[PDB]
Amino acid sequence: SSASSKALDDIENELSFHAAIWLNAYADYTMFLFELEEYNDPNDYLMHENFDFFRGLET
Amino acid sequence: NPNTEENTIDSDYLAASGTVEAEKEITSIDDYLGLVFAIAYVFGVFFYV
Amino acid sequence: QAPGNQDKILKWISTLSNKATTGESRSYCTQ
Amino acid sequence: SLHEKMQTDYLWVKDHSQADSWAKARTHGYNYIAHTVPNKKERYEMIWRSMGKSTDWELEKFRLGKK
Amino acid sequence: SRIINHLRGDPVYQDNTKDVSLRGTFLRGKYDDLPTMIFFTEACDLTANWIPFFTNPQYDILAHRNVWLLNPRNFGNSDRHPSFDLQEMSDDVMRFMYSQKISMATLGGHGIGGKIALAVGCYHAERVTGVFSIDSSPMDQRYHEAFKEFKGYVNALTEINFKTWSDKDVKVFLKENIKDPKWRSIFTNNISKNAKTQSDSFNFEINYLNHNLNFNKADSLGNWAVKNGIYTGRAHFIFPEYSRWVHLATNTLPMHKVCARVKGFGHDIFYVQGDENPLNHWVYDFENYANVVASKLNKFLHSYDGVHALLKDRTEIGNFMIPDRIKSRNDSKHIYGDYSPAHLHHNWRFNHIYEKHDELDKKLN
Amino acid sequence: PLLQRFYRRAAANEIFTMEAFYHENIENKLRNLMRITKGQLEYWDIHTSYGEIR
Amino acid sequence: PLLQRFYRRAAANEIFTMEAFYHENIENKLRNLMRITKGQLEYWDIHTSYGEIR
Amino acid sequence: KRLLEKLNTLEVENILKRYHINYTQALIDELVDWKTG
Amino acid sequence: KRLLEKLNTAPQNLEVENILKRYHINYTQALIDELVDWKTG
Ligand SMILES: CCCCCCCCCCCCCCCCCC(=O)OC[C@H](COP(=O)([O-])OCC(O)COP(=O)([O-])OC[C@@H](COC(=O)CCCCCCCCCCCCCCCCC)OC(=O)CCCCCCCCCCCCCCCCC)OC(=O)CCCCCCCCCCCCCCCCC
Ligand SMILES: CCCCCCCCCCCCCCCCCC(=O)OC[C@H](COP(=O)([O-])OCC(O)COP(=O)([O-])OC[C@@H](COC(=O)CCCCCCCCCCCCCCCCC)OC(=O)CCCCCCCCCCCCCCCCC)OC(=O)CCCCCCCCCCCCCCCCC
């Protein structure tokens with residue numbers, strides 16, 4: 001229980017960073033659907049207010 | 001709303017139908033586009049522009 | 001002790017083996 | 001009734017043209033469009049649907065065909 | 001067990017239209033205090049069929065509101081009365097809401113159910129937050145082909161006599177007389193055997209229903225009368241692209257004609273992309289149709305339902321001020337100006353949340 | 001007929017309809033990206049049980 | 001306000017509804033007259049069986 | 001195949017169909033046995 | 001009347017779930033609750 005092995009530590013740290021990569025992507029998709037709840041009727045927003053939701057299009 | 005206001009619909013699609021003709025390879029559209037506007041007021045008299 | 005103490009251990013190995021695609025991975029799964 | 005056909009023709013006119021007898025020339029509704037009615041966009045959608053059913057949703061046939 | 005709770009009772013034939021009680025299934029929400037939703041199933045159609053739609057984690061509708069899957073009079077387990085007047089059938093719901101201590105509710109319906117939902121908002125608008133109608137319109141459908149089949153099938157069902165007819169005689173009768181698979185399955189499951197196996201009968205009143213449909217007059221369920229009036233509140237309509245009940249060409253105008261706040265196509269009226277299939281009426285069966293209805297339903301409940309007319313969305317609550325009409329308030333020393341309209345709690349009448357929060361506010365000061 | 005102006009209305013009406021279903025179409029695009037993301041996270045769930053199996 | 005002309009619309013709009021529901025209103029009046037008629041015809045069904053009972 | 005084509009022309013069943021879940025005959029047997037057992 | 005007025009006002013879930021596991025079929029609490037209610041009925 002204290003010390004497992006050498007090779008196990010190699011993948012213990014590999015699969016952790018691997019999961020952190022895909023947990024960051026899982027959070028991206030999740031937080032988008034969370035912010036998307038405030039967006040409704042794209043056709044009823046003003047031009048410059050819609051561009052503020054999609055920050056970066058003006059740039 | 002560019003999808004419900006026909007005034008911007010007509011102008012946006014019309015402008016896109018002209019700039020796309022640069023693929024005909026006449027010359028730099030950035031040069032002769034100003035002549036198109038002046039030439040329209042020669043022949044546009046037929047349409048009261 | 002004898003009964004049911006190995007059922008969970010069989011699911012872990014089954015999923016681990018199903019994820020294996022290359023022959024080399026299949027070999028280590030058998031080991 | 002007995003005098004129905006003879007009388008009904010006497011009161012009103014029918015349309016004599018056979019413009020719709022020709023199939024391909026039948027209009028999809030893009031000639032006289034209603035612009036201000038509240039169902040404006042629902043009318044355009046039915047025009048789009050009719051244009052697609054006529055071409056199996058290959059509108060390249062409509063572009064090459066005669067309007 | 002817990003999430004699914006349907007009160008149990010026996011239908012009672014009533015001579016007075018006011019002594020009519022409604023019965024149906026109740027689906028509890030995930031969270032403690034949520035507004036309530038009242039949903040009417042298609043005529044002669046089972047409430048259970050809508051359970052998987054409202055109890056799907058992917059949709060997660062119960063996360064928003066508590067659902068009352070309620071049966072109208074002469075349908076399912078609710079009481080029976082020959083009249084189908086939408087004004088009478090609407091008062092039935094108001095008594096149900098009173099007996100269950102519901103101040104105001106969200107109303108929904110499928111097909112003819114959509115009509116029933118909208119009638120309540122037309123007769124009782126101050127107590128309805130919104131309406132969500134699925135493959136229905138406030139319109140006369142007596143001459144729609146889809147209605148004729150239903151009107152025709154119900155008439156055929158009057159020929160069977162359960163006392164003399166055997167179980168096999170029934171199955172043969174349905175297959176030959178009923179061509180539609182779904183209607184056939186709906187009617188079979190509506191047959192029930194009373195206690196002591198005295199005899200089998202339909203859960204819905206076949207006699208009272210056929211007279212309403214066969215007569216084919218203003219009181220017919222296919223008809224929508226001018227007497228029903230106008231709905232003043234939030235309304236969203238969702239129907240298939242190719243639907244036998246609501247044709248996109250002209251059957252959308254009644255929505256503007258009957259619902260004052262309906263903005264139009266793309267805002268309050270949508271069509272689901274689909275093929276021509278007579279079974280598209282039953283969206284809950286096909287995932288593609290249901291996924292769109294649920295998303296649109298969750299959007300109506302979250303942002304549009306129970307929102308003041310002049311406000312765009314729920315986001316504008318507390319930040320958009322509505323203009324006031326002059327000489328509209330009793331106070332004479334009042335400087336007229338813009339105000340944010342009051343939005344109340346969904347059950348403020350049968351609770352004391354306002355009395356409680358008033359005390360907490362005093363403790364601050 | 002000279003339907004040039006009509007083609008501009010029909011294209012706007014179709015785009016207007018797509019904007020109305022922006023939420024539905026993008027959420028369907030992510031349901032596939034989440035399925036791929038969840039599939040890669042199945043490996044970390046397997047390694048966590050290795051200590052219990054050993 | 002001088003609502004005289006409005007009172008003439010409300011009544012006409014109400015009569016418009018009574019005419020649309022003429023078939024239902026009259027059909028309900030006969031449902032009670034038919035009940036009285038069916039009740040009097042029960043005396044003939046009893047006499048037709050007396051010869052068999054005897 | 002010929003004779004089969006010529007011949008061609010339960011509460012657990014209904015509940016599962018409502019959820020549009022494909023059910024095998026074996027599963028139906030166990031659920032029925034589970035209730036009776 | 002007084003007493004009448006006063007009267008007026010888990011394991012099965014696991015059993016069914018295990019069965020659904022063996023067939024690797026999608027299961028929801030609503031379905032399990034109904035099947036559990038179907039067993040009692
Ligand atoms: C290659 C270019 C040729 C240009 C020739 C010169 C101008 C036209 C002369 C002929 C007049 C008839 C015109 C018919 C075509 C209409 C084209 C059109 O208007 O554009 C619509 C079109 C979009 O609208 P659409 O509704 O989709 O078009 C489909 C049609 O409406 C309808 O769709 P459709 O599919 O059903 O029709 C297809 C189209 C196919 O057309 C072709 O394929 C062209 C064929 C080759 C050219 C033949 C004409 C050559 C003329 C040169 C000789 C001229 C002699 C003059 C004197 C000497 C000249 C030096 O038309 C035909 O089918 C023609 C068949 C004729 C049937 C004849 C039956 C017998 C009738 C007998 C009585 C005739 C009386 C007529 C009354 C007088 C006419 C006004 O716009 C564009 O194409 C944009 C791109 C530009 C196209 C290239 C330029 C062509 C000229 C158009 C004007 C451009 C203006 C640019 C500015 C825009 C505003 C800012
Ligand atoms: C017995 C006959 C009496 C005759 C009196 C002589 C005429 C007096 C004229 C005074 C001007 C206002 C008149 C108001 C009555 C209008 C009734 C009407 O026009 O018919 C609508 C009526 C139905 O329409 P409705 O809308 O349902 O009626 C209710 C009202 O709309 C609204 O309903 P409501 O419930 O709100 O009101 C009930 C109605 C009850 O009326 C009565 O019971 C009559 C009681 C006796 C007369 C009391 C008012 C006398 C005028 C006082 C003026 C005070 C000036 C102070 C000046 C101070 C500054 C120096 O009006 C009143 O209560 C009057 C109270 C006055 C309070 C004043 C408050 C302070 C204002 C101070 C500002 C001063 C500005 C003055 C500028 C000039 C005036 C604009 O039609 C009929 O019923 C037909 C039967 C007619 C009855 C007999 C004839 C009576 C005369 C009516 C005109 C001729 C009708 C036939 C025409 C044929 C054409 C084909």
# chains A, B, ... in the order shown; residues from 1 in each chain; ligands from 1
>>> residues_near_ligand(ligand="ligand 2", cutoff="10 Å", atoms="only C-alpha atoms and all ligand atoms", output="list in words")
residues 1, 2, 3, 4, 5, 6 and 7 of chain G
>>> write_last_selection(atoms="N, CA and C atoms", output="tab-separated table (two decimals), in the first residue's frame")
chain	number	residue	atom	x	y	z
G	1	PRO	N	-68.51	58.16	-21.74
G	1	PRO	CA	-68.13	57.26	-22.83
G	1	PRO	C	-69.20	57.13	-23.91
G	2	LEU	N	-70.47	57.14	-23.51
G	2	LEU	CA	-71.60	56.94	-24.43
G	2	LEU	C	-71.50	55.58	-25.13
G	3	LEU	N	-71.67	54.54	-24.32
G	3	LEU	CA	-71.47	53.16	-24.76
G	3	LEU	C	-72.71	52.57	-25.42
G	4	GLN	N	-73.64	53.39	-25.90
G	4	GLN	CA	-74.85	52.86	-26.51
G	4	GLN	C	-74.52	51.96	-27.69
G	5	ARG	N	-73.65	52.43	-28.59
G	5	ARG	CA	-73.31	51.64	-29.77
G	5	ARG	C	-72.57	50.37	-29.41
G	6	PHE	N	-71.78	50.40	-28.34
G	6	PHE	CA	-71.09	49.20	-27.90
G	6	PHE	C	-72.06	48.15	-27.39
G	7	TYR	N	-73.08	48.57	-26.64
G	7	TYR	CA	-74.08	47.63	-26.15
G	7	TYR	C	-74.74	46.87	-27.30
>>> residues_near_ligand(ligand="ligand 1", cutoff="12 Å", atoms="only C-alpha atoms and all ligand atoms", output="ChimeraX atom specification")
/B:10-11,13-18,20-21,36-37,39-41,43-44,46-47,49 /D:24-25,30-31,60-67 /F:1-8
>>> write_last_selection(atoms="N, CA, C and O atoms", output="short mmCIF file (atom, residue, chain, number, x, y, z; two decimals), in the first residue's frame")
data_model
loop_
_atom_site.label_atom_id
_atom_site.label_comp_id
_atom_site.auth_asym_id
_atom_site.auth_seq_id
_atom_site.Cartn_x
_atom_site.Cartn_y
_atom_site.Cartn_z
N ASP B 10 -31.11 42.72 -49.14
CA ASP B 10 -30.90 43.05 -50.54
C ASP B 10 -29.51 43.60 -50.79
O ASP B 10 -28.89 43.30 -51.82
N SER B 11 -28.98 44.40 -49.86
CA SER B 11 -27.68 45.03 -50.08
C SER B 11 -26.54 44.07 -49.78
O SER B 11 -25.51 44.09 -50.48
N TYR B 13 -26.52 40.62 -49.97
CA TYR B 13 -26.42 39.61 -51.01
C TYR B 13 -26.02 40.23 -52.34
O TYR B 13 -25.28 39.62 -53.13
N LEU B 14 -26.49 41.44 -52.62
CA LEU B 14 -26.10 42.12 -53.85
C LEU B 14 -24.61 42.43 -53.86
O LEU B 14 -23.94 42.24 -54.88
N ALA B 15 -24.08 42.90 -52.73
CA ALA B 15 -22.65 43.18 -52.66
C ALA B 15 -21.83 41.90 -52.77
O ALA B 15 -20.75 41.90 -53.38
N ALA B 16 -22.32 40.81 -52.19
CA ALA B 16 -21.61 39.54 -52.28
C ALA B 16 -21.65 38.98 -53.69
O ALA B 16 -20.70 38.31 -54.12
N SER B 17 -22.72 39.25 -54.44
CA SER B 17 -22.81 38.77 -55.81
C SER B 17 -21.86 39.51 -56.74
O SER B 17 -21.58 39.02 -57.84
N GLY B 18 -21.36 40.67 -56.33
CA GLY B 18 -20.45 41.45 -57.14
C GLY B 18 -19.00 41.18 -56.84
O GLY B 18 -18.18 41.01 -57.75
N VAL B 20 -17.80 38.54 -55.64
CA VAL B 20 -17.47 37.18 -56.04
C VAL B 20 -17.07 37.10 -57.50
O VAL B 20 -16.40 36.14 -57.90
N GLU B 21 -17.46 38.07 -58.32
CA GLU B 21 -17.08 38.06 -59.72
C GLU B 21 -15.60 38.36 -59.93
O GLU B 21 -15.14 38.31 -61.08
N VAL B 36 -17.43 50.98 -61.12
CA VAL B 36 -18.75 50.36 -61.20
C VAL B 36 -19.81 51.29 -60.62
O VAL B 36 -20.91 51.42 -61.18
N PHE B 37 -19.50 51.95 -59.51
CA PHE B 37 -20.47 52.86 -58.91
C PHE B 37 -20.75 54.04 -59.82
O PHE B 37 -21.91 54.47 -59.95
N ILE B 39 -20.28 54.05 -63.13
CA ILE B 39 -20.91 53.54 -64.35
C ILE B 39 -22.38 53.25 -64.12
O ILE B 39 -23.18 53.29 -65.06
N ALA B 40 -22.77 52.94 -62.88
CA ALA B 40 -24.17 52.68 -62.60
C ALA B 40 -25.03 53.92 -62.78
O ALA B 40 -26.19 53.82 -63.17
N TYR B 41 -24.48 55.10 -62.50
CA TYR B 41 -25.21 56.35 -62.66
C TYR B 41 -25.23 56.83 -64.10
O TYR B 41 -25.82 57.88 -64.38
N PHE B 43 -25.84 54.26 -66.76
CA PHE B 43 -26.88 53.36 -67.24
C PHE B 43 -28.05 53.25 -66.28
O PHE B 43 -29.13 52.81 -66.70
N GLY B 44 -27.87 53.63 -65.02
CA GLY B 44 -28.97 53.61 -64.07
C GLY B 44 -30.01 54.68 -64.30
O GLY B 44 -31.09 54.60 -63.70
N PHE B 46 -31.74 54.77 -66.72
CA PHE B 46 -32.86 53.97 -67.20
C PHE B 46 -33.74 53.50 -66.04
O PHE B 46 -34.94 53.25 -66.24
N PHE B 47 -33.18 53.39 -64.84
CA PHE B 47 -33.91 52.91 -63.68
C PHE B 47 -34.10 53.98 -62.62
O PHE B 47 -34.59 53.68 -61.52
N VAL B 49 -31.94 55.79 -60.84
CA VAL B 49 -31.07 55.78 -59.67
C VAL B 49 -30.62 57.18 -59.30
O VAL B 49 -30.24 57.43 -58.15
N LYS D 24 -45.23 21.65 -65.79
CA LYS D 24 -43.97 22.28 -65.40
C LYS D 24 -44.12 23.78 -65.20
O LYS D 24 -43.42 24.37 -64.37
N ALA D 25 -45.03 24.42 -65.94
CA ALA D 25 -45.20 25.86 -65.84
C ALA D 25 -45.96 26.28 -64.58
O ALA D 25 -46.02 27.48 -64.29
N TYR D 30 -43.75 31.99 -55.99
CA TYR D 30 -42.72 33.02 -55.90
C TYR D 30 -42.99 34.21 -56.80
O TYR D 30 -42.17 35.13 -56.85
N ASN D 31 -44.12 34.22 -57.51
CA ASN D 31 -44.43 35.31 -58.43
C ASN D 31 -45.14 36.46 -57.73
O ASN D 31 -44.74 37.62 -57.87
N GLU D 60 -30.20 22.02 -58.05
CA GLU D 60 -29.41 22.31 -59.24
C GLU D 60 -30.23 22.10 -60.51
O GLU D 60 -29.99 22.76 -61.52
N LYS D 61 -31.21 21.19 -60.47
CA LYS D 61 -32.10 21.02 -61.61
C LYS D 61 -32.93 22.26 -61.85
O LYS D 61 -33.16 22.66 -63.00
N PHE D 62 -33.39 22.90 -60.78
CA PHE D 62 -34.19 24.12 -60.92
C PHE D 62 -33.35 25.26 -61.47
O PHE D 62 -33.83 26.07 -62.27
N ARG D 63 -32.08 25.34 -61.06
CA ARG D 63 -31.21 26.40 -61.55
C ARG D 63 -30.98 26.27 -63.05
O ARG D 63 -30.92 27.28 -63.76
N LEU D 64 -30.86 25.04 -63.54
CA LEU D 64 -30.63 24.82 -64.96
C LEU D 64 -31.93 24.84 -65.76
O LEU D 64 -31.93 25.21 -66.93
N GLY D 65 -33.03 24.43 -65.14
CA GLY D 65 -34.31 24.43 -65.82
C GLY D 65 -34.82 25.83 -66.06
O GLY D 65 -34.29 26.83 -65.57
N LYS D 66 -35.89 25.91 -66.84
CA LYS D 66 -36.50 27.18 -67.18
C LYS D 66 -37.48 27.61 -66.10
O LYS D 66 -38.27 26.80 -65.59
N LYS D 67 -37.42 28.89 -65.74
CA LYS D 67 -38.34 29.49 -64.79
C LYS D 67 -39.43 30.24 -65.54
O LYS D 67 -39.15 30.95 -66.51
N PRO F 1 -39.71 35.69 -65.16
CA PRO F 1 -40.01 35.99 -63.75
C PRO F 1 -39.00 36.93 -63.10
O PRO F 1 -39.38 37.81 -62.31
N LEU F 2 -37.72 36.75 -63.41
CA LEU F 2 -36.62 37.48 -62.77
C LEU F 2 -36.66 37.29 -61.25
O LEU F 2 -36.92 38.22 -60.48
N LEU F 3 -36.40 36.05 -60.83
CA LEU F 3 -36.52 35.65 -59.44
C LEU F 3 -35.27 35.93 -58.62
O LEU F 3 -35.09 35.32 -57.56
N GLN F 4 -34.40 36.84 -59.07
CA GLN F 4 -33.17 37.10 -58.33
C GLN F 4 -33.48 37.60 -56.92
O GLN F 4 -32.91 37.12 -55.94
N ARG F 5 -34.39 38.57 -56.81
CA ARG F 5 -34.75 39.10 -55.51
C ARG F 5 -35.42 38.06 -54.63
O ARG F 5 -35.28 38.10 -53.40
N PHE F 6 -36.15 37.12 -55.22
CA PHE F 6 -36.77 36.07 -54.43
C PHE F 6 -35.73 35.14 -53.83
O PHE F 6 -35.85 34.72 -52.68
N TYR F 7 -34.69 34.80 -54.60
CA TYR F 7 -33.65 33.93 -54.08
C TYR F 7 -33.00 34.52 -52.84
O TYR F 7 -32.53 33.78 -51.97
N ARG F 8 -32.96 35.85 -52.74
CA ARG F 8 -32.37 36.47 -51.56
C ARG F 8 -33.29 36.38 -50.36
O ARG F 8 -32.80 36.31 -49.22
#
>>> interface_residues(of="chain I", to="chain E", cutoff="9 Å", atoms="only C-alpha atoms", output="ChimeraX atom specification")
/I:28-31,33-34,36-37
>>> residues_around(residues="residue 35 (chain D)", least_positions_apart="2", cutoff="12 Å", atoms="only C-alpha atoms", output="number ranges by chain")
B: 4-6; D: 30-33, 37-44; F: 6, 9
>>> write_last_selection(atoms="N, CA, C and O atoms", output="compact mmCIF listing (two decimals), in the first residue's frame")
# COMPACT_ATOMS: atom_id res chain seq x y z
N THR B 4 -34.19 39.24 -41.30
CA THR B 4 -35.58 39.67 -41.42
C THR B 4 -35.74 41.04 -42.06
O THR B 4 -36.82 41.32 -42.60
N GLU B 5 -34.72 41.89 -42.02
CA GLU B 5 -34.80 43.22 -42.61
C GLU B 5 -34.37 43.12 -44.07
O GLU B 5 -33.19 42.95 -44.37
N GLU B 6 -35.35 43.23 -44.98
CA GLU B 6 -35.06 43.05 -46.39
C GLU B 6 -34.15 44.13 -46.95
O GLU B 6 -33.56 43.93 -48.02
N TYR D 30 -43.75 31.99 -55.99
CA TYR D 30 -42.72 33.02 -55.90
C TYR D 30 -42.99 34.21 -56.80
O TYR D 30 -42.17 35.13 -56.85
N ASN D 31 -44.12 34.22 -57.51
CA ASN D 31 -44.43 35.31 -58.43
C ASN D 31 -45.14 36.46 -57.73
O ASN D 31 -44.74 37.62 -57.87
N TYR D 32 -46.19 36.17 -56.97
CA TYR D 32 -46.91 37.16 -56.18
C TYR D 32 -46.82 36.74 -54.72
O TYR D 32 -47.55 35.85 -54.27
N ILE D 33 -45.93 37.39 -53.98
CA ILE D 33 -45.63 37.03 -52.60
C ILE D 33 -46.25 38.06 -51.67
O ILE D 33 -46.25 39.26 -51.96
N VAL D 37 -47.84 39.93 -44.13
CA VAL D 37 -48.73 39.08 -43.33
C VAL D 37 -47.91 38.44 -42.22
O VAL D 37 -46.70 38.25 -42.37
N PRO D 38 -48.53 38.09 -41.09
CA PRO D 38 -47.75 37.51 -39.98
C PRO D 38 -47.22 36.12 -40.28
O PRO D 38 -46.26 35.69 -39.63
N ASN D 39 -47.81 35.41 -41.25
CA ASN D 39 -47.30 34.12 -41.68
C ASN D 39 -46.37 34.23 -42.88
O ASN D 39 -46.27 33.30 -43.68
N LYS D 40 -45.68 35.36 -43.01
CA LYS D 40 -44.78 35.58 -44.14
C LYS D 40 -43.79 34.43 -44.28
O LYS D 40 -43.67 33.82 -45.35
N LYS D 41 -43.07 34.12 -43.21
CA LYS D 41 -42.00 33.13 -43.29
C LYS D 41 -42.54 31.72 -43.48
O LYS D 41 -41.86 30.88 -44.08
N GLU D 42 -43.75 31.44 -42.99
CA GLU D 42 -44.36 30.14 -43.25
C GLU D 42 -44.72 29.97 -44.71
O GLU D 42 -44.74 28.84 -45.22
N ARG D 43 -45.01 31.07 -45.41
CA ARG D 43 -45.29 30.97 -46.84
C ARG D 43 -44.03 30.68 -47.63
O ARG D 43 -44.03 29.84 -48.53
N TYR D 44 -42.94 31.37 -47.30
CA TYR D 44 -41.66 31.12 -47.96
C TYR D 44 -41.21 29.68 -47.76
O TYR D 44 -40.61 29.08 -48.66
N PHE F 6 -36.15 37.12 -55.22
CA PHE F 6 -36.77 36.07 -54.43
C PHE F 6 -35.73 35.14 -53.83
O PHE F 6 -35.85 34.72 -52.68
N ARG F 9 -34.60 36.36 -50.58
CA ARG F 9 -35.53 36.18 -49.47
C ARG F 9 -35.52 34.74 -48.98
O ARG F 9 -35.50 34.49 -47.77
>>> residues_around(residues="residue 39 (chain E)", least_positions_apart="4", cutoff="8 Å", atoms="only C-alpha atoms", output="PyMOL selection string")
chain E and resi 67-70+107-109+113+117
>>> write_last_selection(atoms="C-alpha atoms", output="tab-separated table (two decimals), in the first residue's frame")
chain	number	residue	atom	x	y	z
E	67	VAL	CA	-45.80	17.75	-13.56
E	68	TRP	CA	-49.48	16.86	-13.17
E	69	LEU	CA	-50.45	14.43	-15.94
E	70	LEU	CA	-54.19	15.06	-15.71
E	107	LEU	CA	-50.46	24.22	-18.96
E	108	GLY	CA	-49.57	21.84	-21.77
E	109	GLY	CA	-51.34	19.59	-24.22
E	113	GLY	CA	-55.11	18.27	-25.30
E	117	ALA	CA	-54.76	23.65	-22.12
>>> atom_distance(atom1="CA of residue 30 (chain C)", atom2="CA of residue 19 (chain I)")
29.5 Å
>>> residues_around(residues="residue 304 (chain E)", least_positions_apart="4", cutoff="8 Å", atoms="only C-alpha atoms", output="list in words")
residues 234, 299, 300, 312, 313 and 314 of chain E
>>> write_last_selection(atoms="N, CA and C atoms", output="PDB file, in the first residue's frame")
ATOM      1  N   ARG E 234     -48.292  33.765 -22.114  1.00  0.00           N
ATOM      2  CA  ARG E 234     -47.244  33.184 -22.938  1.00  0.00           C
ATOM      3  C   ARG E 234     -47.720  31.887 -23.575  1.00  0.00           C
ATOM      4  N   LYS E 299     -36.755  25.373 -22.769  1.00  0.00           N
ATOM      5  CA  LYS E 299     -36.500  26.783 -23.023  1.00  0.00           C
ATOM      6  C   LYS E 299     -37.716  27.635 -22.680  1.00  0.00           C
ATOM      7  N   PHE E 300     -38.918  27.149 -22.993  1.00  0.00           N
ATOM      8  CA  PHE E 300     -40.128  27.892 -22.652  1.00  0.00           C
ATOM      9  C   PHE E 300     -40.316  27.982 -21.143  1.00  0.00           C
ATOM     10  N   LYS E 312     -38.896  40.736 -22.723  1.00  0.00           N
ATOM     11  CA  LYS E 312     -38.447  39.759 -23.708  1.00  0.00           C
ATOM     12  C   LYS E 312     -38.334  38.377 -23.084  1.00  0.00           C
ATOM     13  N   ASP E 313     -37.513  38.251 -22.046  1.00  0.00           N
ATOM     14  CA  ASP E 313     -37.184  36.963 -21.463  1.00  0.00           C
ATOM     15  C   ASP E 313     -37.191  37.112 -19.950  1.00  0.00           C
ATOM     16  N   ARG E 314     -36.892  36.012 -19.260  1.00  0.00           N
ATOM     17  CA  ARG E 314     -36.764  36.061 -17.812  1.00  0.00           C
ATOM     18  C   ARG E 314     -35.535  36.853 -17.383  1.00  0.00           C
TER      19      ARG E 314
END
>>> interface_residues(of="chain E", to="chain D", cutoff="12 Å", atoms="only C-alpha atoms", output="PyMOL selection string")
chain E and resi 241-242+247-257+262-267+269-271+273+275
>>> closest_atom_pairs(of="chain F", to="chain B", cutoff="7 Å", atoms="only C-alpha atoms", output="tab-separated table")
residue	atom	partner	partner_atom	distance
F:8	CA	B:13	CA	6.7
F:12	CA	B:3	CA	5.0
F:13	CA	B:3	CA	6.8
F:15	CA	B:3	CA	6.8
F:16	CA	B:3	CA	5.5
>>> write_last_selection(atoms="C-alpha atoms", output="tab-separated table (two decimals), in the first residue's frame")
chain	number	residue	atom	x	y	z
F	8	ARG	CA	-32.37	36.47	-51.56
F	12	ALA	CA	-32.63	34.65	-45.56
F	13	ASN	CA	-35.67	32.67	-44.44
F	15	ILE	CA	-30.85	31.21	-42.31
F	16	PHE	CA	-33.44	32.76	-40.00
>>> residues_around(residues="residue 40 (chain F)", least_positions_apart="6", cutoff="12 Å", atoms="only C-alpha atoms", output="list in words")
residues 15, 16, 18, 19, 20, 21, 22, 23, 25 and 26 of chain A; 19 of chain C; 33, 34 and 46 of chain F
>>> write_last_selection(atoms="C-alpha atoms", output="PDB file, in the first residue's frame")
ATOM      1  CA  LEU A  15      -3.047   8.730 -17.148  1.00  0.00           C
ATOM      2  CA  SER A  16      -3.544  11.579 -14.665  1.00  0.00           C
ATOM      3  CA  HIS A  18      -4.155  12.398 -19.839  1.00  0.00           C
ATOM      4  CA  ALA A  19      -7.407  12.698 -17.882  1.00  0.00           C
ATOM      5  CA  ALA A  20      -6.672  16.324 -16.988  1.00  0.00           C
ATOM      6  CA  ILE A  21      -6.468  17.038 -20.716  1.00  0.00           C
ATOM      7  CA  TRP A  22      -9.897  15.524 -21.367  1.00  0.00           C
ATOM      8  CA  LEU A  23     -11.411  16.873 -18.149  1.00  0.00           C
ATOM      9  CA  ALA A  25     -12.348  19.597 -22.605  1.00  0.00           C
ATOM     10  CA  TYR A  26     -15.274  18.146 -20.657  1.00  0.00           C
TER      11      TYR A  26
ATOM     12  CA  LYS C  19     -10.275  -1.987 -24.655  1.00  0.00           C
TER      13      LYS C  19
ATOM     14  CA  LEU F  33     -17.676  15.383 -28.630  1.00  0.00           C
ATOM     15  CA  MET F  34     -18.768  14.432 -25.110  1.00  0.00           C
ATOM     16  CA  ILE F  46      -9.841   1.387 -14.717  1.00  0.00           C
TER      17      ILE F  46
END
>>> select_by_dssp(residues="chain A", states="alpha helix (DSSP H)", output="NGL selection string")
:A and (7-35 or 47-53)
